[PDB]
Amino acid sequence: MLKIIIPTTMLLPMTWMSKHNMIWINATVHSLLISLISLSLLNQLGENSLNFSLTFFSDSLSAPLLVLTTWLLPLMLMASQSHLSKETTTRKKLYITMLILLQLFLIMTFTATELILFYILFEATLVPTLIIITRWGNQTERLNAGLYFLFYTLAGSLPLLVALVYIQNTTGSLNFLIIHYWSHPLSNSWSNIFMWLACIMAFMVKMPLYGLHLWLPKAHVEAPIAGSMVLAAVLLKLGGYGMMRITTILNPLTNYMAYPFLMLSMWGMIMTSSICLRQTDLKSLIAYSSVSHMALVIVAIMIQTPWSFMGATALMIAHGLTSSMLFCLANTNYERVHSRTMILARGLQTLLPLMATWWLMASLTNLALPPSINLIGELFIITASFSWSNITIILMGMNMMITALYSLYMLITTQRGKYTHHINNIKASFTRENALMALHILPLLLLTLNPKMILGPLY
Amino acid sequence: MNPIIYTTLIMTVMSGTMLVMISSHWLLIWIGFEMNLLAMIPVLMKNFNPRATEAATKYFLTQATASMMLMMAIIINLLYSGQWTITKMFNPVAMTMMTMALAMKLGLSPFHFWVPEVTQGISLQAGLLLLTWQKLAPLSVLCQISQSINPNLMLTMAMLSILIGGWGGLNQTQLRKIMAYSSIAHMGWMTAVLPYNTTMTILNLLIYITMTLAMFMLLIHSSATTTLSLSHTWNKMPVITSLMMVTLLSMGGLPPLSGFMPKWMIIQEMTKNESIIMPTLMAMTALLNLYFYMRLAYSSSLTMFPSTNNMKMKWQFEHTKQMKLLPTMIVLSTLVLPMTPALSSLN
Amino acid sequence: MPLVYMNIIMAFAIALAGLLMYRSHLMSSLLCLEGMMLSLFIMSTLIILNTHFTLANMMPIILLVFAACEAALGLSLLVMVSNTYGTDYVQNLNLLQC
Amino acid sequence: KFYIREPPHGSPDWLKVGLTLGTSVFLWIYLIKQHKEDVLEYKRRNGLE
Amino acid sequence: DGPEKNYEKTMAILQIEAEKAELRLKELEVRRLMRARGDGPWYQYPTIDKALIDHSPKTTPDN
Amino acid sequence: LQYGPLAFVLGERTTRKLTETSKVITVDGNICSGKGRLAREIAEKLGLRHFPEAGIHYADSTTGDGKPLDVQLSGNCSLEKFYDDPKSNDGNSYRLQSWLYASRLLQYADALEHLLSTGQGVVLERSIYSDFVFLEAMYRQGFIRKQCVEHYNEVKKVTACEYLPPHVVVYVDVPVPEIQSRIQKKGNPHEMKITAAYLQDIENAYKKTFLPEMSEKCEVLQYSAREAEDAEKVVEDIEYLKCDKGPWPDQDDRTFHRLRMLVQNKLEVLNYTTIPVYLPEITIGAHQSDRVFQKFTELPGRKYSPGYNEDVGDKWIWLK
Amino acid sequence: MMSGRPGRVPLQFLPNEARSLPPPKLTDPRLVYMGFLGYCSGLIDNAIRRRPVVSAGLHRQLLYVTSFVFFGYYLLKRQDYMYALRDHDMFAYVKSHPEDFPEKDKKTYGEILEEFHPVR
Amino acid sequence: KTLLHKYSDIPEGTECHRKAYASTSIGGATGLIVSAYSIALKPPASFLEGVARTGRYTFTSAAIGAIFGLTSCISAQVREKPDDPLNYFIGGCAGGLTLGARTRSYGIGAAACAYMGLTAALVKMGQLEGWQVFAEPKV
Amino acid sequence: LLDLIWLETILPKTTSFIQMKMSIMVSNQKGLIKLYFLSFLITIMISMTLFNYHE
Ligand SMILES: Nc1nc2c(ncn2[C@@H]2O[C@H](COP(=O)(O)OP(=O)(O)OP(=O)(O)O)[C@@H](O)[C@H]2O)c(=O)[nH]1
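Looking up chain B in the PDB entry gives the name NADH-ubiquinone oxidoreductase chain 2, with the organism given as Sus scrofa. Of chain B, the UniProt comment under Function reads exactly: "Core subunit of the mitochondrial membrane respiratory chain NADH dehydrogenase (Complex I) which catalyzes electron transfer from NADH through the respiratory chain, using ubiquinone as an electron acceptor. Essential for the catalytic activity and assembly of complex I." Its UniProt record, at the heading Catalytic activity, says of chain B: "a ubiquinone + NADH + 5 H(+)(in) = a ubiquinol + NAD(+) + 4 H(+)(out)".

As annotated in the PDB entry, chain A carries the name NADH-ubiquinone oxidoreductase chain 4 and is attributed to Sus scrofa. Reading the Catalytic activity entry of the UniProt record for chain A gives the comment "a ubiquinone + NADH + 5 H(+)(in) = a ubiquinol + NAD(+) + 4 H(+)(out)". Checking UniProt for chain A, the heading Subcellular location contains the comment "Mitochondrion inner membrane".

Next comes the structure, spelled out in structure tokens:
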């Protein structure tokens, strides 16, 4: 994977000694080239993960996330061009360095071989985002935002470290290939429950899970837009990639202690989706929407069925493209109106034709029209959960109905209706943010044509 | 203090510590401590401020008491063994007397209320020399006698250090005070692994030495002593405080910065010894150390603070002092994780 | 381990206790500091004389050489704290509380 | 020219810099020669060749 | 490339990590019993050297 | 080699050259009292170097070519607002005094470097122990509130205790009704706006706090204007003085090592000029300070440390 | 785990006995990374000293990288020596103590009773 | 520290009076330690208030010890099941409310239950399991 | 009530307050030397005999 790693780190010298105006052009073009090179990673064998090196390996689960990160990186590059114009060149290059460093840690995380190496770069993503959230934020609270996001993830991260090093002393290795191949049943000894626990809350705190999610509304609604997408699109999914990994050994414990988190989640998305319907800030809805969508994933991983894992993977990638779009969409409105209140700028279809479309299928992908990959992930979860328990259907079915309730609500309360006559600064929609939405949406329908590439290794 | 006397005063401190790390006789070890104390008290009160006198004083009574207790614990060991060699202690009371005798020199358990304000009163220069060099000697003694150590006592010494050091730092503004509690926090980390693998505390010592060094001579360059005084450095020196972020993150152990190497490597070793509950604990309570690191990070350059108009001609002038190894120290204090297996060089 | 060992060991304990209970005087505090030195010197002398550790008879001497060396340091520190603050009670040097 | 007083680093210290390249080549050919002789010390210690 | 790329690559990688896994477990117990028994090349804590002792005739005959 | 601890270890002393010829002196005269004429007259005949009164832009002479920088980037204040309208919420008045304070810090600092590295005495126009005279006169005339004034002494005490008073000074005495005529006679339009009570407040503070507390640190040589135009007697008395009373004799080489060490690097000299005390005339906005700090950067030479700015020459940078 | 092993001459960086081991290759990624540490140190030096960062005095920069690789080289040679010693006392003690490490027979998968937990 | 092992000397459930007395002594002893420190580093004003402060902390700690004593033995007696983390859990507001009632306040008392709730559960976990805190060096 | 009133009060604010509350008592030391060394004496005494770390 150094055919991706080496060019990615080579973006640092190139972006750090380019001209004072070419930093945006240079970073965007070669990051896209990295995305094209990363597209070759879509190739997967029947069941053998691509073992490029001793310390790097990939399969049908890592690559779709890998392409998601690499494809994403130019998207914040173009999104940040708007509000980063009024800055010095050296600080601007510092911003680009954080994004590239964030990307580089992401690729190493997904391509990691053993759990400890995965853990190091996994957590290492906290540092670049911590600077992004805090240094370049917009409001006073961002200082409290960073601490909330940092400690929450760390509070669960440290128990996993103790459990991980404990794995090495007991099993003899932490390599994922050996762990799955040398998998042994886990006893129900009272120590083993905490052993199971210490490998879980690390992944579910950043999912986020119901209860342990408050950093999500306190960061995504408050981070800079560029940091907002990568947080929602991929960073939450870091728990997903880990959980499919760590569950290979933590069996058959999952049968019992999934329950306290299952209905914690099962009552979760319905509860969270209710909060989304009754927000006042724009970005607060999508943030609360993200945990709601992430909640069905938690059930998908934990239930441990092949169908749910495919549904987990599809919903994971689909939500990333979606949540990035709505966060980008909110940023476009926030920039002109200098706020994020929902009913502040209702009724803008008459002035924003193309935006009103970009609202339209972005919300529809949030409603998950058929046959968008959102349903393909969502429906697979439903069938797996129903096979587990019939009474499941009412809950998340009601959730995706209250999900439908709000997912038109901002469409009504941002585009439908009459403009505000005192507002007179909604200028012609610039092609930059405009083309940004195009690059968000077309891969969604393109992947809809051939979804078979994003169901993970269980397909 | 005349420059020539200052050098010989320092050389006596280094010789005193060196005598501790090379001698095999208990009396000479005690002598090395005595010479170390004797040559250091003048160093603390180099500038003769009113604060430094009692700062140096609180140093003296604490360490003299520690030295006298150390001498007594040596004497009992001679009484019950007839040996002066540093192998082990053949009287449990003799050992159980030296742990605190060495602890107050290290400042770990409630034998620590001297560390904060002794750092505060004295200058920043001797503050660096106090919190880094003065710990090689007592730790070297502990490493040699690591065999016959009561694990229950030694672990409690460190656990108390981590809790108090982390808790105390949350309520400090004077940068020297927060450094002292942070140093006390690292005291427990090094000493917790002491009974199990002495190679590990040497590694943590070396990393902590670079952390405290690099942090301090950044403070010297910033010429700041309180959080507010540091805040204005963003207006004058942006790179110094921007570098101070990474060292602060590394000092908190936030990986992949070099500061994780001790916290990571230590945890791996004790889990080999079926210690699980305690390693989870310092993993938890290292976070309060991280708190006032980020608050320092927030106040320095993560958020530019109100400046002072008297800074114009300040920008017109550059530092004449020439901190060396500062560009080097940051490198070891930030990015040495890929060379983690090098701990076997110490082994 | 006859009773003379008890007398000077228990003595050193009260020197430890006496030092660790500063009431109102640095000078009296330093007295207890040098007090410890008696029991250590006396016990050490009893040990290497009883055991005929002739080559180690120098150890009590070297204790005394480094004994008064601290004693000089204590009074020299006591000189300035009393000079610039008037007295030697260890309570008026709390300016380093903050 | 701008700084009327001679700047503290106005001109290179040809003694200082000339030492710097002078020692650096030493640092290299020591390592180069050491790497070789270690390889020759290898192949006969174990009888590799 | 063909599946013989990934198949034989996995064979090499899986075998090499397998030896490391068993060696790591072997090291844990070897150090464990070597520290306890002490009859091993390492963990030999130092003791008094026997060449310091003087054997020449002293003053009193019986010693 | 710059004078560091290494030179003292080598044996480099400055007491050897500290003699009767090393008199750092300055003529502390009233406004337009002819003190500059008297100071320069001392300079030519006594052999001492002349330091022109450190203004708002003297620091610009200490750094680089010496051209006065822009007001916003070399003080944020200027003198015309002081004289024309000495009452406003922006507080240009104290921003002048606070900035003008540091200028005489350097003017005295460079005065030290002259006579501790060579032993050759200097002449100035007023000095650090004259800036309070203007500030005290500033408060009595209703210019800037006392919060700035009470901060002034706190800053003054922590940037001058390490500083040793000069050898001698000269106080030229010109009657205050004549000075008001003199400022009116010159024709500088800002001099018209000056209140007459300001000049006598300068005269009062000159003979109320400066002259009394100076007497025990340097000799009193109070000379009238009738005693000022004649350039001889003002300097024969200087030679016929004693230079005995004062802290100069009891400053051994270790004091001089401490002195020159602190004053060699200005950073700690005025480190206490930027006290973390927020004031209306001193607290620049976070955004304002940020851009202004940037604004200082595009200026030539003010990008890297001196000797490295390729924009203004400094060839062979790749080796320097 | 090694300071008490017999024959350990004190204060002796690389034993003559260690020369029988393969010297670290010059291209060794561990070694070249330590070269980058020298490169990074050079850039930090010009940043504090207010110098043209990357394009500043190369002699100061080139000294940093040249120094780091050297002290990197012997540290890497000491690296493998101690690890080889760990692997030397490894097998000699295993052979010396055979009974506490018995040989495990083969009890292949076709005979184990290991159960299947129904994942439903 | 022998009195600490006295808890394990008498089996759980039975000797409910002895178990309560043992934990009351354990609490009271620990109460002396904290009072001894607090009376030391926090300055007193008189002998009367010094023992008054000593009495307060000793009262709380002894009471906290006692109730955890009763709750442990009665739970192992009503259910007749010794090995139960819940047996120590019901000591949660048993300790929390009383300590929040000794210094009468709903905030501290109510928020307390959980903290030594699972802590009492967790120490019972190590009682049943082979968990060690100050593990001696094996390797 | 559930999210913005209880969740942030059931974990973040309680633990933050607990550290907030008693970080003061650790750091509010008046600096009396007699009080410091008195704590040394109690720690020294209870090190053995009481806690029996020597046994
Ligand atoms: N605020 C302030 N103003 C100062 C300071 N030093 C000098 N000035 C101003 O410098 C200006 C010129 O001083 P004058 O004494 O009038 O100069 P001059 O006309 O050359 O004087 P003579 O040589 O006596 O004729 C006046 O506006 C002073 O107030 C200072 O430290 N602070």
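Draft legend 1. Expanded view of the site of the ligand. Residues and elements named next belong to chain F. Of all residues adjacent to the ligand, which total 17 residues, the nearest are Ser-33, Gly-34, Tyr-83, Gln-97 and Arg-104. In this structure, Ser-33 approaches the ligand through a main-chain N or O atom, which is 2.7 Å from an oxygen atom. Contact distances for the ligand include 2.6 Å between an oxygen atom and a backbone N or O atom of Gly-34. The protein chains hide 81% of the 660 Å² of surface that the ligand would expose on its own. Considering each element in turn, the shell around the ligand owes the most residues, three residues, to helix α5 (residues 92–117). When the residues that make up the shell around the ligand are grouped by side-chain class, the tally is six nonpolar, five polar and six charged.

Draft legend 2. The arrangement of the arrangement of the chains in detail. By contact count, the dominant pairing among the 19 pairs of chains in contact is that of chains B and F. There is a gap between chain A and chain D: no contact, and a shortest C-alpha distance of 25 Å. Looking at chain C next to chain G, you find no contact at all, with the nearest C-alpha pair sitting 27 Å apart.

Draft legend 3. Broad picture of the pattern of salt bridges. Scanning all chains against the criterion turns up 38 salt bridges over all chains. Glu-178 of chain F is paired through a salt bridge with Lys-185 of chain F; the nearest N and O atoms lie 3.1 Å apart. Judged by relative accessible area, which is 29%, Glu-178 of chain F ranks as partly exposed. Its relative accessible area of 56% is what places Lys-185 of chain F among the exposed residues. With its nearest N and O atoms 3.6 Å apart, the salt bridge here joins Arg-86 of chain G to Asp-87 of chain G. Here the salt bridges share partners, and the residues they tie into one network are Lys-35, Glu-53, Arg-104, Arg-126 and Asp-131 of chain F.

Draft legend 4. The arrangement of helix α3 (residues 50–81) of chain B in detail. Residue and element names in this part refer to chain B. Over its 32 residues, α3 runs 47 Å from end to end, which matches the ideal 46 Å to within 8%, given 1.5 Å per residue. Along α3, 27 of the 32 residues are buried, which leaves the element largely enclosed by surrounding structure. Here α3 starts with a cap whose side-chain oxygen sits 3.0 Å from the backbone nitrogen of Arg-51, and that cap is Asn-49. Backbone geometry just downstream of α3 places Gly-82 in the positive-phi region, at approximately 70°.

Reading the values: the criteria
- Residues numbered from 1 in each chain as written, not as in the entry; some residues may be left out.
- Chains lettered and ligands numbered in written order.
- Part of a larger assembly, values for the part shown.
- Heavy atoms only, no water.
- UniProt positions renumbered as here; feature names shortened; annotations may be inferred.
- Near = heavy atom within 4 Å.
- Polar contact = N/O pair within 3.5 Å; in protein donor to acceptor, adjacent residues only side chain to side chain.
- Areas by Shrake-Rupley, 256 points an atom, 1.4 Å probe, with all protein chains shown as cover.
- Helix = DSSP H or I, 4+ residues; strand = E, 2+ residues; numbered from the N terminus.
- Nonpolar A, V, L, I, M, F, W, Y, C, P; charged D, E, K, R; others polar.
- Contact = heavy atoms within 4.5 Å.
- Salt bridge = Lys/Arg side-chain N within 4 Å of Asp/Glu carboxyl O.
- Buried < 20%, exposed > 50% of the residue type's maximum accessible area, 1.4 Å probe, protein only.
- Expected span 1.5 Å × (residues − 1).

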